[PDB]
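Trainee: Here you go, this is target14.cif (mmCIF, C-alpha atoms).
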```cif
data_upload
loop_
_atom_site.label_atom_id
_atom_site.label_comp_id
_atom_site.auth_asym_id
_atom_site.auth_seq_id
_atom_site.Cartn_x
_atom_site.Cartn_y
_atom_site.Cartn_z
CA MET A 1 -341.75 -75.92 75.95
CA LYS A 2 -338.58 -78.06 75.96
CA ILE A 3 -338.98 -81.06 73.69
CA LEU A 4 -336.60 -83.97 73.15
CA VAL A 5 -336.98 -85.99 69.97
CA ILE A 6 -335.38 -89.37 69.35
CA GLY A 7 -334.91 -89.16 65.60
CA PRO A 8 -334.71 -92.03 63.09
CA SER A 9 -331.45 -93.35 61.65
CA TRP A 10 -332.38 -93.09 57.98
CA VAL A 11 -332.12 -90.07 55.71
CA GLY A 12 -335.62 -90.49 54.31
CA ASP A 13 -337.26 -90.93 57.71
CA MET A 14 -335.30 -88.02 59.17
CA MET A 15 -336.47 -85.78 56.36
CA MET A 16 -340.07 -86.86 57.07
CA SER A 17 -339.64 -86.14 60.77
CA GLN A 18 -339.30 -82.47 59.92
CA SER A 19 -343.08 -82.45 59.47
CA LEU A 20 -343.50 -83.28 63.15
CA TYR A 21 -341.13 -80.44 64.12
CA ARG A 22 -342.97 -77.99 61.85
CA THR A 23 -346.29 -79.15 63.29
CA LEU A 24 -345.07 -78.88 66.89
CA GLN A 25 -344.07 -75.25 66.41
CA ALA A 26 -347.43 -74.50 64.82
CA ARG A 27 -349.44 -76.13 67.64
CA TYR A 28 -347.32 -75.11 70.65
CA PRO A 29 -345.99 -71.70 71.72
CA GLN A 30 -342.21 -71.36 72.03
CA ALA A 31 -341.46 -74.99 71.21
CA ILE A 32 -337.73 -75.66 71.63
CA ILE A 33 -336.86 -78.92 69.87
CA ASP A 34 -333.70 -80.95 70.45
CA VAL A 35 -333.10 -84.03 68.31
CA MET A 36 -330.93 -87.00 69.23
CA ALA A 37 -329.62 -88.96 66.25
CA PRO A 38 -326.39 -90.57 64.99
CA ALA A 39 -323.41 -88.28 64.32
CA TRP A 40 -323.87 -88.42 60.54
CA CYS A 41 -327.39 -87.03 61.02
CA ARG A 42 -326.23 -83.76 62.55
CA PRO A 43 -325.50 -82.20 59.12
CA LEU A 44 -329.09 -82.64 57.91
CA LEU A 45 -330.57 -81.38 61.16
CA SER A 46 -328.43 -78.26 60.87
CA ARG A 47 -330.39 -77.46 57.71
CA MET A 48 -333.73 -77.56 59.59
CA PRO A 49 -334.64 -74.24 61.27
CA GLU A 50 -337.17 -75.96 63.53
CA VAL A 51 -334.36 -77.80 65.33
CA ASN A 52 -332.73 -76.06 68.28
CA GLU A 53 -329.87 -78.46 68.93
CA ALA A 54 -328.59 -81.85 67.81
CA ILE A 55 -327.89 -83.88 70.97
CA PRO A 56 -324.63 -85.79 70.28
CA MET A 57 -324.86 -89.51 71.02
CA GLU A 65 -324.58 -100.01 75.91
CA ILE A 66 -327.24 -100.26 78.62
CA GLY A 67 -324.82 -98.68 81.07
CA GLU A 68 -324.14 -95.88 78.60
CA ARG A 69 -327.79 -95.20 77.80
CA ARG A 70 -328.43 -94.61 81.51
CA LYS A 71 -325.49 -92.21 81.81
CA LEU A 72 -326.58 -90.41 78.65
CA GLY A 73 -330.14 -90.18 79.94
CA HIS A 74 -329.00 -88.93 83.34
CA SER A 75 -327.00 -86.09 81.81
CA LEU A 76 -330.16 -84.91 80.04
CA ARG A 77 -331.98 -84.38 83.33
CA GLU A 78 -330.44 -80.91 83.56
CA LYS A 79 -332.19 -80.00 80.29
CA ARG A 80 -335.49 -80.51 82.10
CA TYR A 81 -337.32 -81.65 78.96
CA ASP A 82 -341.07 -81.20 79.24
CA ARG A 83 -341.92 -83.75 76.54
CA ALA A 84 -340.27 -86.48 74.50
CA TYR A 85 -341.12 -88.10 71.16
CA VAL A 86 -339.62 -91.42 70.11
CA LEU A 87 -339.71 -91.90 66.32
CA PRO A 88 -337.81 -95.15 65.81
CA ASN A 89 -339.80 -98.33 66.51
CA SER A 90 -337.07 -100.21 68.38
CA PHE A 91 -337.63 -100.94 72.05
CA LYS A 92 -334.24 -99.62 73.17
CA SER A 93 -334.81 -96.31 71.36
CA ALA A 94 -337.34 -95.26 74.01
CA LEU A 95 -335.00 -95.97 76.94
CA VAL A 96 -333.16 -92.63 77.06
CA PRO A 97 -336.31 -90.51 77.56
CA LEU A 98 -337.23 -92.58 80.61
CA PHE A 99 -333.77 -92.32 82.18
CA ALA A 100 -333.93 -88.57 81.53
CA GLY A 101 -336.94 -88.40 83.83
CA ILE A 102 -339.17 -86.82 81.18
CA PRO A 103 -342.83 -86.81 82.35
CA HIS A 104 -344.48 -87.09 78.93
CA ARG A 105 -343.07 -89.64 76.49
CA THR A 106 -344.98 -90.14 73.21
CA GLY A 107 -344.61 -92.54 70.30
CA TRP A 108 -346.27 -95.33 68.33
CA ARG A 109 -346.33 -98.68 70.12
CA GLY A 110 -343.63 -100.17 67.90
CA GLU A 111 -341.92 -103.04 69.75
CA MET A 112 -344.40 -103.05 72.64
CA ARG A 113 -343.06 -99.90 74.32
CA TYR A 114 -345.81 -99.89 76.95
CA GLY A 115 -343.30 -99.00 79.64
CA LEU A 116 -340.91 -96.52 78.07
CA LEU A 117 -343.89 -94.66 76.61
CA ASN A 118 -346.66 -93.44 78.92
CA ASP A 119 -348.45 -92.04 75.87
CA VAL A 120 -348.42 -95.03 73.53
CA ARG A 121 -350.34 -94.72 70.27
CA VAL A 122 -351.78 -97.88 68.69
CA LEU A 123 -351.14 -97.80 64.95
CA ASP A 124 -353.87 -98.62 62.43
CA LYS A 125 -351.94 -98.89 59.15
CA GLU A 126 -355.10 -98.40 57.10
CA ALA A 127 -356.02 -95.26 59.04
CA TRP A 128 -352.56 -93.72 58.49
CA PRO A 129 -351.29 -94.76 55.01
CA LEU A 130 -348.47 -92.21 54.81
CA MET A 131 -345.41 -92.09 57.05
CA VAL A 132 -345.63 -88.28 57.11
CA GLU A 133 -349.14 -88.51 58.53
CA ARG A 134 -347.93 -90.90 61.22
CA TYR A 135 -345.22 -88.49 62.39
CA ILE A 136 -347.51 -85.47 62.29
CA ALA A 137 -350.23 -87.27 64.27
CA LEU A 138 -347.90 -87.52 67.29
CA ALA A 139 -348.06 -83.75 67.82
CA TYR A 140 -351.75 -84.10 68.69
CA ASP A 141 -353.48 -85.49 71.77
CA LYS A 142 -354.11 -89.25 71.78
CA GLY A 143 -357.91 -89.45 71.81
CA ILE A 144 -358.38 -86.92 69.01
CA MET A 145 -357.07 -88.33 65.72
CA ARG A 146 -358.51 -91.66 64.52
CA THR A 147 -357.55 -91.32 60.86
CA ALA A 148 -355.32 -89.05 58.77
CA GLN A 149 -358.44 -87.20 57.62
CA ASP A 150 -358.75 -85.69 61.10
CA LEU A 151 -355.37 -83.97 60.79
CA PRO A 152 -355.67 -80.18 60.55
CA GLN A 153 -355.00 -79.11 56.96
CA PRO A 154 -352.84 -78.14 55.25
CA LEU A 155 -350.20 -80.58 56.50
CA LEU A 156 -346.74 -79.12 56.97
CA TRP A 157 -344.51 -81.04 54.56
CA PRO A 158 -340.72 -81.26 54.92
CA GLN A 159 -339.17 -78.13 53.47
CA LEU A 160 -335.58 -76.94 53.07
CA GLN A 161 -334.17 -73.61 51.87
CA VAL A 162 -330.72 -72.86 50.42
CA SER A 163 -329.26 -69.45 49.47
CA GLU A 164 -327.43 -68.58 46.25
CA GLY A 165 -324.30 -67.83 48.25
CA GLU A 166 -324.30 -71.31 49.75
CA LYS A 167 -324.80 -72.94 46.36
CA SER A 168 -322.04 -70.80 44.84
CA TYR A 169 -319.35 -71.60 47.41
CA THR A 170 -320.24 -75.28 47.75
CA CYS A 171 -320.05 -75.78 43.99
CA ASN A 172 -316.49 -74.40 44.09
CA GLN A 173 -315.72 -76.47 47.21
CA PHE A 174 -316.37 -79.55 45.09
CA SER A 175 -314.59 -78.31 41.98
CA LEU A 176 -317.75 -77.98 39.93
CA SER A 177 -317.84 -75.76 36.86
CA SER A 178 -320.49 -73.07 36.41
CA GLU A 179 -320.07 -73.26 32.64
CA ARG A 180 -322.96 -75.73 32.39
CA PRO A 181 -326.22 -76.47 34.29
CA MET A 182 -326.22 -79.55 36.50
CA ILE A 183 -328.42 -82.62 36.68
CA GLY A 184 -328.02 -84.71 39.81
CA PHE A 185 -328.24 -88.53 39.97
CA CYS A 186 -328.80 -90.58 43.15
CA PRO A 187 -328.05 -94.16 41.90
CA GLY A 188 -327.97 -95.82 45.31
CA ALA A 189 -330.78 -97.17 47.48
CA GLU A 190 -330.82 -98.06 51.15
CA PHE A 191 -333.37 -100.84 50.61
CA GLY A 192 -331.05 -102.82 48.36
CA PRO A 193 -330.02 -103.46 44.71
CA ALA A 194 -333.54 -104.51 43.72
CA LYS A 195 -334.69 -100.91 43.99
CA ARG A 196 -331.84 -99.46 41.95
CA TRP A 197 -332.16 -98.36 38.35
CA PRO A 198 -329.24 -100.12 36.55
CA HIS A 199 -325.82 -98.46 36.61
CA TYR A 200 -325.67 -98.74 32.81
CA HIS A 201 -329.02 -97.01 32.41
CA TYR A 202 -327.74 -94.09 34.50
CA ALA A 203 -324.64 -94.03 32.26
CA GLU A 204 -326.68 -93.93 29.05
CA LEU A 205 -328.83 -91.14 30.52
CA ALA A 206 -325.71 -89.19 31.43
CA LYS A 207 -324.38 -89.45 27.86
CA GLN A 208 -327.69 -88.11 26.56
CA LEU A 209 -327.74 -85.23 29.06
CA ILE A 210 -324.12 -84.24 28.49
CA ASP A 211 -324.93 -84.20 24.80
CA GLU A 212 -327.79 -81.78 25.55
CA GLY A 213 -325.42 -79.34 27.24
CA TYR A 214 -325.76 -80.46 30.87
CA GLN A 215 -323.19 -81.81 33.32
CA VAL A 216 -323.95 -84.66 35.72
CA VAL A 217 -323.24 -85.06 39.43
CA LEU A 218 -323.65 -88.35 41.31
CA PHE A 219 -324.73 -88.18 44.96
CA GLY A 220 -324.63 -90.96 47.54
CA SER A 221 -322.92 -92.42 50.59
CA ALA A 222 -319.43 -93.93 50.82
CA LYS A 223 -321.08 -97.23 49.92
CA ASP A 224 -322.41 -95.79 46.65
CA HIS A 225 -318.95 -94.64 45.53
CA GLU A 226 -318.16 -97.82 43.60
CA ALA A 227 -321.56 -97.53 41.92
CA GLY A 228 -320.64 -94.00 40.89
CA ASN A 229 -317.34 -95.20 39.45
CA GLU A 230 -319.01 -98.00 37.47
CA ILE A 231 -321.26 -95.35 35.91
CA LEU A 232 -318.30 -93.11 35.01
CA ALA A 233 -316.38 -96.05 33.55
CA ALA A 234 -319.10 -96.34 30.90
CA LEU A 235 -318.47 -92.85 29.54
CA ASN A 236 -315.68 -91.73 27.22
CA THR A 237 -313.03 -89.15 28.16
CA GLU A 238 -314.96 -86.17 26.82
CA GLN A 239 -318.11 -87.20 28.72
CA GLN A 240 -316.27 -88.04 31.94
CA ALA A 241 -315.16 -84.41 32.05
CA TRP A 242 -318.81 -83.54 32.61
CA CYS A 243 -319.69 -86.22 35.17
CA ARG A 244 -318.56 -85.96 38.79
CA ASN A 245 -318.83 -88.74 41.37
CA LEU A 246 -319.49 -87.13 44.76
CA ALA A 247 -320.82 -90.30 46.43
CA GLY A 248 -319.06 -90.49 49.80
CA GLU A 249 -317.40 -87.09 49.30
CA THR A 250 -320.05 -84.88 50.91
CA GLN A 251 -321.64 -84.46 54.34
CA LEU A 252 -325.47 -84.26 54.29
CA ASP A 253 -325.44 -80.48 54.63
CA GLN A 254 -323.24 -80.16 51.55
CA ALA A 255 -325.39 -82.70 49.71
CA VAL A 256 -328.51 -80.64 50.47
CA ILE A 257 -326.86 -77.51 49.06
CA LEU A 258 -325.59 -79.22 45.88
CA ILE A 259 -328.92 -80.91 45.21
CA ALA A 260 -330.57 -77.48 45.53
CA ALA A 261 -328.13 -76.20 42.87
CA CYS A 262 -329.23 -78.86 40.35
CA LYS A 263 -331.75 -78.11 37.60
CA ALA A 264 -333.30 -81.55 38.18
CA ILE A 265 -332.70 -84.81 40.01
CA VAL A 266 -333.08 -88.44 38.91
CA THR A 267 -333.24 -90.99 41.72
CA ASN A 268 -334.47 -94.38 42.90
CA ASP A 269 -336.78 -94.84 45.90
CA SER A 270 -334.24 -93.71 48.50
CA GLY A 271 -333.53 -91.23 51.28
CA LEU A 272 -332.04 -88.55 49.02
CA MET A 273 -335.26 -88.55 46.98
CA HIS A 274 -336.97 -87.04 50.02
CA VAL A 275 -334.23 -84.44 50.33
CA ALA A 276 -334.71 -83.32 46.71
CA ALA A 277 -338.49 -83.23 47.27
CA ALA A 278 -338.07 -81.01 50.34
CA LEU A 279 -335.95 -78.64 48.26
CA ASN A 280 -338.73 -78.47 45.66
CA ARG A 281 -336.35 -79.41 42.84
CA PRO A 282 -337.78 -81.01 39.69
CA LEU A 283 -337.29 -84.73 40.17
CA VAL A 284 -337.95 -88.03 38.45
CA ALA A 285 -338.29 -90.96 40.85
CA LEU A 286 -337.82 -94.47 39.45
CA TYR A 287 -339.72 -97.34 41.06
CA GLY A 288 -339.56 -101.07 40.51
CA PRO A 289 -340.49 -103.72 43.11
CA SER A 290 -341.48 -101.05 45.68
CA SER A 291 -344.28 -98.48 45.44
CA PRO A 292 -344.59 -94.84 46.59
CA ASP A 293 -347.70 -95.73 48.65
CA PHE A 294 -346.01 -95.23 52.04
CA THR A 295 -343.22 -92.70 51.50
CA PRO A 296 -343.97 -90.86 48.25
CA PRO A 297 -341.88 -87.85 47.21
CA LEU A 298 -343.75 -84.91 48.75
CA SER A 299 -343.38 -82.24 46.07
CA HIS A 300 -345.53 -80.90 43.25
CA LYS A 301 -342.47 -80.92 40.98
CA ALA A 302 -341.84 -84.65 41.34
CA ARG A 303 -342.88 -87.32 38.85
CA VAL A 304 -342.88 -91.05 39.53
CA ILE A 305 -342.20 -93.70 36.92
CA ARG A 306 -343.18 -97.31 37.61
CA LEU A 307 -344.13 -99.96 35.07
CA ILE A 308 -345.61 -102.56 37.42
CA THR A 309 -348.20 -102.67 40.21
CA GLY A 310 -348.20 -104.02 43.75
CA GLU A 321 -328.80 -109.05 45.31
CA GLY A 322 -329.51 -108.21 41.70
CA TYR A 323 -331.52 -105.70 39.70
CA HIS A 324 -335.26 -106.13 39.20
CA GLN A 325 -336.75 -106.55 35.73
CA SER A 326 -339.25 -103.76 36.40
CA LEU A 327 -336.40 -101.24 36.67
CA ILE A 328 -334.33 -102.75 33.88
CA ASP A 329 -337.41 -102.25 31.67
CA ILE A 330 -337.45 -98.49 32.31
CA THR A 331 -335.42 -97.12 29.39
CA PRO A 332 -333.10 -94.08 29.59
CA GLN A 333 -335.17 -92.59 26.75
CA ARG A 334 -338.39 -92.75 28.78
CA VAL A 335 -336.65 -91.04 31.72
CA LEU A 336 -334.96 -88.48 29.48
CA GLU A 337 -338.32 -87.47 28.00
CA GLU A 338 -339.87 -86.99 31.43
CA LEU A 339 -336.79 -85.05 32.55
CA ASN A 340 -336.63 -82.65 29.59
CA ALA A 341 -340.31 -81.83 30.19
CA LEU A 342 -339.77 -80.80 33.81
CA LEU A 343 -336.61 -78.93 32.82
CA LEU A 344 -338.63 -76.94 30.28
CA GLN A 345 -341.31 -76.05 32.86
CA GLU A 346 -338.61 -74.71 35.16
CA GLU A 347 -337.17 -72.47 32.43
CA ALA A 348 -340.57 -71.13 31.38
#
```
If you took the structure in this file and wrote it as structure tokens, what would it be?

Mentor:
Amino acid sequence: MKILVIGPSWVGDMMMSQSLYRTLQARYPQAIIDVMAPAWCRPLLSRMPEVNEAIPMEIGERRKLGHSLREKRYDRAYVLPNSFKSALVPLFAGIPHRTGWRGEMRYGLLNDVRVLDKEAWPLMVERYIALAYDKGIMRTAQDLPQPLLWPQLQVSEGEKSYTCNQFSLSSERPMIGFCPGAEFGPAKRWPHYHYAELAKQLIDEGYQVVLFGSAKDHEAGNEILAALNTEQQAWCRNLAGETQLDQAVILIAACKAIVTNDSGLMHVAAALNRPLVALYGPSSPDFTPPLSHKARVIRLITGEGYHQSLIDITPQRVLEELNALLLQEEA
């Protein structure tokens, strides 16, 4: 059962796609899954045991790429992105069965198009999982065989140990991880100064802080550090842009808890089953909530700058929620 998957180009979405891979291996015997995604995605995929290989990635190129995949003789293909062009490769590869939601009217590239009823499939994870089943079977998420297979990542003590040294982190104090960035824009970010105040409070409690993010979040990490004194800065490390996704996964796993905005790394922490506090403002967790029993969501409202709803969430409120989850973990 050779399967080719066109994976999404966002950390969050990629993490969610693991549910499809887990479901495919539970519903099909000897399912070999290859995933095609940007280069920077390879690290995350390498942490998923369900993935066999990460196919390394314009019209003229897409055809050549697709032609080279003919040798693989893929039995099936699943296109996760919604873009029209994303379903081109599978066709050029000559794959007989190509599945995916309609998206941008992919009636040609997909001979097994699924018409999406947003009300019938409220969660993104349910939408990915549904693709592993035959078309005329699932009408709503309630029809999905339970329990659903949520994203899940494992990390060994040896990995955590080495990686912490690889990034010059001290073992003399437990770590709390912060993910101050947000792919959907500044409006969804808890203020840099609130993260700084929270760090001061945590360092005072005996913890050390680590900031995770992409190269783009590096400046944000520095603005947070610039708000701490010398003594505190010694216990706050900015790793935004310094790690590959595989290293980020390992380090997040090594943290006692994580504080993050509605972003892709939130999903990574959730998959690792790490205690986490997710801060929401203009957006809601209705579509892509953190899938973990150890996660807590804080949002004060319903429904290029910061949003009042996030500015109104005080570091003290977050600290209280955090210390509670940290206690549970110790007990």

Trainee: Please write as a list in words the full residue list that the PyMOL selection byres ((chain A and resi 121-124) around 8) yields on this file.

Mentor: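 Applied to this file, the PyMOL selection byres ((chain A and resi 121-124) around 8) selects residues 106, 107, 108, 109, 119, 120, 125, 126, 127, 128 and 142 of chain A.
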
Trainee: Write the selection just made, keeping C-alpha atoms, as a compact mmCIF listing (two decimals), in the frame of the given file?

Mentor:
```
# COMPACT_ATOMS: atom_id res chain seq x y z
CA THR A 106 -344.98 -90.14 73.21
CA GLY A 107 -344.61 -92.54 70.30
CA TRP A 108 -346.27 -95.33 68.33
CA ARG A 109 -346.33 -98.68 70.12
CA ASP A 119 -348.45 -92.04 75.87
CA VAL A 120 -348.42 -95.03 73.53
CA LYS A 125 -351.94 -98.89 59.15
CA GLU A 126 -355.10 -98.40 57.10
CA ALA A 127 -356.02 -95.26 59.04
CA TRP A 128 -352.56 -93.72 58.49
CA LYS A 142 -354.11 -89.25 71.78
```

Trainee: With a distance cut-off of 7 Å and only C-alpha atoms, select the neighbouring residues of segment 84-87 of chain A, excluding the residue or stretch itself and same-chain residues fewer than 4 positions from it, and output the selection as a PyMOL selection string.

Mentor: chain A and resi 3-8+93-94+97+102+104-107

Trainee: Export C-alpha atoms of the chosen residues as a short mmCIF file (atom, residue, chain, number, x, y, z; two decimals), keeping the file's coordinate frame?

Mentor:
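Listing of result19.cif after writing:
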```
data_model
loop_
_atom_site.label_atom_id
_atom_site.label_comp_id
_atom_site.auth_asym_id
_atom_site.auth_seq_id
_atom_site.Cartn_x
_atom_site.Cartn_y
_atom_site.Cartn_z
CA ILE A 3 -338.98 -81.06 73.69
CA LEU A 4 -336.60 -83.97 73.15
CA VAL A 5 -336.98 -85.99 69.97
CA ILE A 6 -335.38 -89.37 69.35
CA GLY A 7 -334.91 -89.16 65.60
CA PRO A 8 -334.71 -92.03 63.09
CA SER A 93 -334.81 -96.31 71.36
CA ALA A 94 -337.34 -95.26 74.01
CA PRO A 97 -336.31 -90.51 77.56
CA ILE A 102 -339.17 -86.82 81.18
CA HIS A 104 -344.48 -87.09 78.93
CA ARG A 105 -343.07 -89.64 76.49
CA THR A 106 -344.98 -90.14 73.21
CA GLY A 107 -344.61 -92.54 70.30
#
```

Trainee: Give one line per residue of segment 31-143 of chain A that approaches segment 272-291 of chain A to at most 12 Å, naming the two atoms of the closest pair and their distance in Å to one decimal, counting all atoms listed in the file; sort by chain then ascending residue number and deliver it as a tab-separated table.

Mentor:
```
residue	atom	partner	partner_atom	distance
A:44	CA	A:275	CA	9.3
A:45	CA	A:275	CA	11.8
A:47	CA	A:275	CA	10.9
A:48	CA	A:278	CA	10.8
A:132	CA	A:274	CA	11.3
```

Trainee: The PyMOL selection byres ((chain A and resi 73-76) around 7) - which residues does that actually catch in the file I just gave you? List them as a CSV table (one decimal) with C-alpha atoms, keeping the file's coordinate frame.

Mentor:
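To be explicit, this is the file written out as expr_32.csv:
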```csv
chain,number,residue,atom,x,y,z
A,69,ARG,CA,-327.8,-95.2,77.8
A,70,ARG,CA,-328.4,-94.6,81.5
A,71,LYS,CA,-325.5,-92.2,81.8
A,72,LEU,CA,-326.6,-90.4,78.6
A,77,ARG,CA,-332.0,-84.4,83.3
A,78,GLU,CA,-330.4,-80.9,83.6
A,79,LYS,CA,-332.2,-80.0,80.3
A,96,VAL,CA,-333.2,-92.6,77.1
A,97,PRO,CA,-336.3,-90.5,77.6
A,99,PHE,CA,-333.8,-92.3,82.2
A,100,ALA,CA,-333.9,-88.6,81.5
```

Trainee: Tell me, counting only C-alpha atoms, for each residue of segment 89-188 of chain A within 9 Å of segment 19-39 of chain A, which pair of atoms is nearest and how far apart they are in Å to one decimal, in rows ordered by chain and increasing number, as CSV.

Mentor:
```
residue,atom,partner,partner_atom,distance
A:132,CA,A:19,CA,6.8
A:133,CA,A:19,CA,8.6
A:135,CA,A:20,CA,5.5
A:136,CA,A:20,CA,4.6
A:137,CA,A:20,CA,7.9
A:138,CA,A:20,CA,7.4
A:139,CA,A:24,CA,5.8
A:140,CA,A:27,CA,8.4
A:155,CA,A:19,CA,7.9
A:156,CA,A:19,CA,5.5
A:157,CA,A:19,CA,5.3
A:158,CA,A:19,CA,5.3
A:159,CA,A:19,CA,8.4
```
